[PDB]
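Scroll down for the structure; my scribbles are underneath it.
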Amino acid sequence: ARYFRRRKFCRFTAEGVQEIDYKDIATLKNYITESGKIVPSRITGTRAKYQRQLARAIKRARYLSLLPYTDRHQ
Amino acid sequence: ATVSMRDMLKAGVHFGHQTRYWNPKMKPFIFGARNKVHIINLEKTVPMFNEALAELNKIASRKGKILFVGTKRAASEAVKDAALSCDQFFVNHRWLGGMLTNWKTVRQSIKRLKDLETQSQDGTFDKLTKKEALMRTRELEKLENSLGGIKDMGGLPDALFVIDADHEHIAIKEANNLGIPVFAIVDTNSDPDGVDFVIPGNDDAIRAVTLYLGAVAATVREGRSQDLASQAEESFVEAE
Amino acid sequence: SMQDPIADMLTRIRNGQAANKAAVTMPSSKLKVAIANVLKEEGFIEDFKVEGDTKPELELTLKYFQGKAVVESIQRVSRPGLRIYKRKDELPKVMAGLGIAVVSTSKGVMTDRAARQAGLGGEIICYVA
Amino acid sequence: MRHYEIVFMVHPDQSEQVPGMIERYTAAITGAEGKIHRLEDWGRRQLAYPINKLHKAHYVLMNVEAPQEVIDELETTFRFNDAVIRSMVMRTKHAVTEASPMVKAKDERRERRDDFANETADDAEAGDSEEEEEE
Amino acid sequence: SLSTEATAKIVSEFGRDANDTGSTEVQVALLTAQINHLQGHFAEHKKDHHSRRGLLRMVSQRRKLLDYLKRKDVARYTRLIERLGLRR
Amino acid sequence: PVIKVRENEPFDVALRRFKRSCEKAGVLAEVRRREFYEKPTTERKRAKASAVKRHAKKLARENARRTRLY
RNA sequence: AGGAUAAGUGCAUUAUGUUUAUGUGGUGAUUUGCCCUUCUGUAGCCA
RNA sequence: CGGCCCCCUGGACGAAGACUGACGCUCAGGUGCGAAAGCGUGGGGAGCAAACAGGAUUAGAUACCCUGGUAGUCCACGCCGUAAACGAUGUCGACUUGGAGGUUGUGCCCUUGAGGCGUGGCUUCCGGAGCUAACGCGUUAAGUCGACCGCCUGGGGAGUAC
């Protein structure tokens with residue numbers, strides 16, 4: 001049936017998690033290792049818009065201490 | 001008749017795929033993709049296959065020899081069934097590069113075969129060391145598999161039968177320089193260009209390629225059955 | 001920007017025949033049409049129509065022999081800033097007169113055979129190959 | 001006007017300073033015809049790595065619109081604020097003022113996982129629970 | 001890009017009385033307000049070279065459309081240059 | 001250099017394969033060589049070049065069969 | 001108060017190869033091919 | 001041109017309502033403006049380094065290779081804008097089968113591959129016509145042409161001299 005618009009598993013095989021928002025910690029940790037750093041966008045099969053915009057939103061999130069900045073912080 | 005068009009669709013609803021690449025020069029017979037799978041335009045292909053089958057009927061009386069080329073592992077058995085008799089030659093264990101241009105050399109290697117088999121079955125080269133007999137037994141086997149269904153062919157064939165162009169493009173090139181009328185079934189990455197009748201098709205789905213082959217053989221061969229009786233009666237007026 | 005629009009006309013015909021296209025359509029002019037009229041009657045194009053009330057537009061069909069091209073190129077000689085003029089006595093010979101020169105004379109646009117038969121001179125527009 | 005999504009955190013012991021400061025900053029936004037489009041208090045949270053020392057800070061997402069002129073004076077005042085440890089404000093382009101990615105996690109904080117203590121009473125006095133001095 | 005409130009003032013005073021933004025007189029006036037704001041910036045920021053590219057566009061078109069306007073009605077020109085108080 | 005990604009059940013040997021995904025790369029990988037400002041865009045960003053190898057490796061299995069080399 | 005949890009495919013000294021001084025010049029396998037190859041070889045050639 | 005953010009501001013991409021109507025192309029002269037270091041003074045110096053010392057190397061070692069280590073690198077204004085100033089295309093413009101990627105306005109999808117279709121987008125791979133000596137280009141040309149400017153006429157010596 002028409003207009004269902006983003007039920008599940010639909011638009012993309014890997015879901016876009018955020019766009020440019022960074023205030024929830026859990027959407028951000030969707031692509032952040034236990035070492036405390038981003039997985040490459042070729043590996044994740046993420047959509048480019050959300051990733052390009054994440055490069056600003058993660059630097060932001062590290063700077064507001066929602067995330068570890070650095071390997072030393074375990 | 002409208003039956004030829006009904007065959008084309010029964011076979012064609014695999015639509016091929018070959019991912020989203022395709023080849024721009026086939027585009028008029030190509031519908032736009034359904035989520036990163038190529039999908040063909042089938043309505044513009046059904047006239048084609050019927051026009052080619054009406055032309056096949058007419059060459060039955062002009063020809064002595066068909067060569068079935070564009071064979072591959074899944075479709076070879078289907079080519080065996082399409083020749084039916086020795087007015088139809090076929091290659092089903094791969095074509096080899098220069099088989100028409102250098103037919104000359106194949107016909108010398110055919111002369112080696114019918115000899116070396118009648119020597120084998122006689123028992124004739126198996127003496128001395130095992131090496132001298134075996135290097136001949138093994139080669140006799142490579143030749144026998146390659147040539148068995150084209151072995152009697154006395155000269156360059158009267159038409160050319162393509163079911164797939166993907167590795168056998170060269171057989172089509174050489175045939176056109178020898179001035180032979182070409183009957184093609186071309187896949188989605190092949191071009192429709194440069195041959196005398198084409199059916200636009202696709203190379204995938206073993207159920208489609210089987211139906212294309214069953215259809216070609218009937219139009220040429222029962223036109224041919226009628227021709228042979230006619231020819232005796234045509235020849236006899238001269239001797240009278 | 002559009003500094004010669006007859007160079008674009010000829011370039012539209014040239015890519016027409018080379019890419020084996022059946023028709024080529026474009027914006028129209030009194031000059032484009034007047035060249036096309038000599039080309040129609042000498043069979044250097046096949047036929048054309050003119051349609052567009054708002055702005056005029058020309059659609060034409062290409063030079064053949066059997067159904068694909070037998071003419072290689074059509075090029076302009078008189079052009080912007082390098083206008084070339086020939087006298088009545090000096091009207092050109094293009095592929096020993098198998099080809100045309102389209103020549104705009106004081107009395108309008110015609111082929112080198114009608115300019116010669118007239119005893120007029122003028123501007124030598126474009127030659128066939 | 002253009003939209004600037006500010007989020008900030010405040011040093012625990014110094015949190016009693018912000019409840020006075022917030023009511024001038026909001027008057028400088030609505031006095032210029034801007035709006036405060038949510039004002040969400042997050043409660044006390046644990047820093048991952050310290051910022052100006054101490055492992056704790058108290059979280060506010062204000063969610064502003066204001067003209068470009070006014071926010072420039074107001075941000076330079078917040079950054080040289082001793083109470084604020086850090087703030088980040090995100091770009092105008094394609095920016096949301098509704099439908100919070102953290103909407104459930106904000107409610108959870110407030111309901112069940114907060115401090116329930118006097119320095120985070122102050123944080124809510126600068127939060128949605130605004131208590132403010134008369135002007 | 002211009003403030004809303006200037007763009008309507010410019011529309012009331014300049015072009016035709018249809019209150020358009022496309023005619024030569026009001027486009028000259030729309031470039032001028034963007035030039036005028038920028039020469040105020042260009043008292044400093046003397047290494048700001050990618051934006052200067054723009055300055056030179058807005059000046060070059062202003063020269064051209066005033067040249068056009070003298071190629072057209074001499075009334076429209078003589079009014080425009082005096083109603084928009086241009087150059088020194 | 002035990003690699004920060006934590007091992008399932010703690011032990012004296014770090015399980016150095018099962019941890020790495022994106023570590024060293026670009027930050028500590030060009031170690032003891034001279035550091036540039038904008039070079040990384042053309043020195044290091046070789047993702048396009050590497051996708052064509054991922055496509056050729058997955059294509060050939062099927063084609064080796066289809067040519068009849070297998 | 002972690003809304004960050006051994007995961008996100010998590011894979012290859014994490015490509016980048018990691019020590020060792022120099023040494024002159026030229027040299028080989030056959031036409032005179034004749035400047036020429038064809039309007040009865042043929043529906044003469046040709047548009 | 002690469003941390004992230006605000007102020008000032010350019011340039012590009014989409015879409016409706018709507019407007020002026022060749023106001024166009026190219027450009028001798030021209031003013032304006034730097035990858036990098038060079039460069040005048042102020043501010044700044046953590047690290048690395050030309051030089052400089054010494055080791056190591058060895059047909060001998062200024063190159064090779066290492067350690068110490070300064071100006072330099074960093075910011076602000078200012079001075080001639082230098083080179084490898086590029087798709088190993090002068091500029092822009094008009095025309096030429098397309099498909100798909102990278103990735104983006106936006107209508108629609110089971111909103112079922114960084115996905116599809118509808119209709120625009122740059123940017124790019126692939127290959128058909130044409131073009132090249134060859135690589136290569138291919139609808140953003142190095143095709144089909146169009147205008148105008150810059151500039152070449154064997155090497156060395158000299159990109160200097162004048």
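The values are calculated or read from the model by the stated rules, or taken from the named source; no laboratory instrument gave them. Reconstructed Cβ throughout: ideal geometry from the backbone, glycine too, with neighbour counts over all protein chains shown.
Filtering the stretch E:27-45 to residues that are more than 8 Å from RNA strand H (Cβ to nearest atom) and either surrounded by 14 or more Cβ atoms within 10 Å (Cβ to Cβ) or under 13 Å from E:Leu2 (Cα atoms) (or both) leaves E:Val28, E:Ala29, E:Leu30, E:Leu31, E:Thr32, E:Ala33, E:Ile35, E:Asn36, E:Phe42. Mind listing whichever residues of the stretch D:84-96 are surrounded by fewer than 14 Cβ atoms within 10 Å (Cβ to Cβ) and closer than 15 Å to D:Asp41 by Cα? Result: no residue meets the conditions. Taking the stretch F:7-18 as the range and being within 6 Å of RNA strand G (Cβ to nearest atom) and either within 14 Å of A:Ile38 (Cα to Cα) or surrounded by 13 or more Cβ atoms within 10 Å (Cβ to Cβ) (or both) as the test, only F:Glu7 passes. For F:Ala56, indicate whether it is under 30 Å from B:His93 (Cα atoms) and without any contact (Cβ under 8 Å) to a residue 24 or more places away in the chain. For F:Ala56, the condition - under 30 Å from B:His93 (Cα atoms) and without any contact (Cβ under 8 Å) to a residue 24 or more places away in the chain - is met.
When the stretch B:31-69 is filtered for residues that are near RNA strand H (Cβ under 8 Å from one of its atoms) and buried (at least 19 other Cβ atoms within 10 Å of the Cβ), only B:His38 remains. The residues on offer are D:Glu133, D:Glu69, D:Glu125, and the sole one that is away from RNA strand H (no atom under 16 Å from the Cβ), charged (D, E, K, R) and over 13 Å from the mean Cα position of the chain (by Cα) is D:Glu133.
Could you list all residues from the stretch B:41-90 that are touching a strand residue (DSSP E or B) at 6+ places or on another chain (Cβ under 8 Å), polar (S, T, N, Q) and either within 14 Å of chain F (Cβ to nearest Cβ) or within 23 Å of B:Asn202 (Cβ to Cβ) (or both)? B:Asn41, B:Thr45, B:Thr71, listed by residue number. The single condition among (1) touching a residue at least 40 places away in the same chain (Cβ under 8 Å); (2) exposed (fewer than 11 other Cβ atoms within 10 Å of the Cβ); (3) of a type in the set (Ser, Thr, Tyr) that C:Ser78 does not satisfy is (2). Whether a residue is polar (S, T, N, Q) and under 30 Å from B:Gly194 (Cα atoms) was assessed, and C:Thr105 does not pass this test. Among the residues making up the stretch D:1-21, those that are polar (S, T, N, Q) and surrounded by fewer than 19 Cβ atoms within 10 Å (Cβ to Cβ) are D:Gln14, D:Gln17. Exactly one residue out of B:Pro157, B:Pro200 is crowded, with 20+ Cβ neighbours inside 10 Å and over 30 Å from B:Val13 (Cβ atoms): that is B:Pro157. Condition first: within 14 Å of chain F (Cβ to nearest Cβ), without any contact (Cβ under 8 Å) to a residue 24 or more places away in the chain and either in contact with a strand residue (DSSP E or B) (Cβ under 6 Å, 6 or more places away or on another chain) or more than 13 Å from RNA strand G (Cβ to nearest atom) (or both). Can you find one or more residues in the stretch A:38-49 that meet it? Within the stretch A:38-49, one or more residues are within 14 Å of chain F (Cβ to nearest Cβ), without any contact (Cβ under 8 Å) to a residue 24 or more places away in the chain and either in contact with a strand residue (DSSP E or B) (Cβ under 6 Å, 6 or more places away or on another chain) or more than 13 Å from RNA strand G (Cβ to nearest atom) (or both). Among the helices (runs of 4 or more DSSP H) confined to the stretch B:1-107, the ones with at least 1 residues that are in the same structural domain as B:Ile163 (by CATH) are located at B:46-59, B:76-83.
Could you please give the count of residues in the stretch B:176-200 that are within 14 Å of another protein chain (Cβ to nearest Cβ) and within 14 Å of RNA strand H (Cβ to nearest atom)?
Of all residues in the stretch B:176-200, those within 14 Å of another protein chain (Cβ to nearest Cβ) come to B:187, B:189, B:191-194.
Restricting the remaining residues to those that are within 14 Å of RNA strand H (Cβ to nearest atom) gives B:189, B:191-194.
Summing the residues that are within 14 Å of another protein chain (Cβ to nearest Cβ) and within 14 Å of RNA strand H (Cβ to nearest atom) in the stretch B:176-200 gives 5.
If you go through the stretch E:62-71 and keep only what is within 7 Å of RNA strand H (Cβ to nearest atom) and in contact (Cβ under 8 Å) with a residue 12 or more places away in the chain, you end up with E:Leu65, E:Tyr68.
Within the bounds of the stretch D:95-104, is there any residue that is within 14 Å of chain A (Cβ to nearest Cβ) and over 20 Å from A:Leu64 (Cβ atoms)?
So far as the stretch D:95-104 goes, yes, one or more of its residues are within 14 Å of chain A (Cβ to nearest Cβ) and over 20 Å from A:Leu64 (Cβ atoms).
The lone criterion from (1) under 15 Å from the mean Cα position of the chain (by Cα); (2) surrounded by 12 or more Cβ atoms within 10 Å (Cβ to Cβ) left unmet by A:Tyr63 is number (1). Against the test of being exposed (fewer than 11 other Cβ atoms within 10 Å of the Cβ), of a type in the set (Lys, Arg) and more than 10 Å from every other protein chain (Cβ to nearest Cβ), the options F:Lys48, F:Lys24, F:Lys57, F:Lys39 yield a single qualifying residue, F:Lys57.
Of the residues making up the stretch B:6-19, one or more are within 14 Å of another protein chain (Cβ to nearest Cβ), more than 16 Å from RNA strand G (Cβ to nearest atom) and surrounded by 14 or more Cβ atoms within 10 Å (Cβ to Cβ). Inspection of the stretch C:52-60 finds a residue satisfying the criterion of being in the same structural domain as C:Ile6 (by CATH), surrounded by fewer than 19 Cβ atoms within 10 Å (Cβ to Cβ) and closer than 23 Å to C:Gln17 by Cβ. For the stretch D:97-128, the set of residues classified as in a loop (DSSP other than H, G, I, E, B), exposed (fewer than 13 other Cβ atoms within 10 Å of the Cβ) and more than 9 Å from RNA strand G (Cβ to nearest atom) consists of D:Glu98, D:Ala99, D:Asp128, listed by residue number.
Of all residues assigned to the stretch C:31-47, none qualifies as being assigned by CATH to the domain that holds C:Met2 and touching a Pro at 6+ places or on another chain (Cβ under 7 Å). For B:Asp164, the stated conditions do not hold, so it cannot be described as loosely packed, with under 11 Cβ neighbours inside 10 Å and in contact (Cβ under 8 Å) with a residue 24 or more places away in the chain. Among helices (runs of 4 or more DSSP H) entirely within chain A, having at least 1 residues that are within 6 Å of RNA strand H (Cβ to nearest atom) singles out A:41-44, A:48-63.
Among the residues of the stretch C:64-75, is there at least one that is of a type in the set (S, T, N, Q) and either under 23 Å from C:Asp4 (Cα atoms) or in contact with an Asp or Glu (Cβ under 8 Å, 6 or more places away or on another chain) (or both)? Yes. For the stretch A:30-58, which positions are more than 19 Å from D:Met90 (Cβ to Cβ) and basic (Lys, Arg)? Correct list: A:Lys37, A:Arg42, A:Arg47.
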